[PDB]
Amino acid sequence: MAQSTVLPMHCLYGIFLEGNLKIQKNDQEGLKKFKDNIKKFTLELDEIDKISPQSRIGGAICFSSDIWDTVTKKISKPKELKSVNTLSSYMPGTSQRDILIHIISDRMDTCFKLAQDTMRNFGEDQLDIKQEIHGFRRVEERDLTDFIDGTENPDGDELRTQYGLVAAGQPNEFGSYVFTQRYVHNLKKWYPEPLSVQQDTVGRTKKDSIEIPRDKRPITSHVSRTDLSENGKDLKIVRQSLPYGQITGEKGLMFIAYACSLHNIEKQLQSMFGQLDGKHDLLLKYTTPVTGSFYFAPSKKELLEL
């Protein structure tokens, strides 16, 4: 019942299209056309899944709090949804956009086909795309830091439903809060660091990705910053982050997280960026966030009922 970018694991390609809606709330013709294009997206997702099962195609269209009142007068706004720009006083790179199209695949050709077709359907008259990122998995699922990324990512449908999707019976059930954040890696600063420093920075071993016991890693290690609980509940999120960029140019990590609660994501941003104890994540000495947005991906039913 959820849009298909949360529960599936280990995608090899991901295309990220972030931009603003150019249609106004009272433009009924434009709004009708816009929602016909949403329908076309859901249909083409199904079509590609049928002719290319090997692609394990997935796709979601997601919306910001700013735009919610424009795309629907029927579906209540998700209660936690807000602009990420409200974090600008302590987190750099914020750039809230109205719309996210996130498409995942095990093949670039079907990933690109769905992305290109969808953008051609919407057109420049409906979407002003501010950011288009072609993400791709690397050997051994390693981030460009050459650490494995995804180890303690929730595993399986049950746990990814629990932490990734709004719980059944709640408003906007089976939707998902979404955070996107493009990082630019400063590998010239990272590569020369000795192994012990690099592992102190992350909190896990580089080769095998074995968790360094919390007692022995710095509280500013990445894992210490993000492996959080509250009142005995783990604040786990579902990450679909992928590497991107040029070998000889700008590269980094296209971070994206899906969560049952925006607060699960925001608490980790507050931890990483000093807002809980006044200390920043050690990883941020080697990588910089340059974009950022909060969205909500409706369930498949509410997406079509907007």
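In this text, residue numbers run from 1 along the sequence as written.
As recorded in the PDB entry, 74-82 is the stretch of 74-82 and 131-139 with the greater mean C-alpha temperature factor. Comparing the deposited coordinates for 166-174 and 99-107, the stretch with the larger average C-alpha B-factor is 166-174. Ranked within its chain, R56 lands in the lowest third, by CA B factor from the PDB record. Looking at the C-alpha B-factors along this chain, the one for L45 belongs to the middle third. In this PDB entry, the Cα temperature factor of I237 sits in the middle third of its chain's modelled residues.
Split the chain's modelled residues into thirds by C-alpha temperature factor. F147 is in the middle one. In this PDB entry, the Cα temperature factor of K251 sits in the bottom third of its chain's modelled residues, the lowest group.
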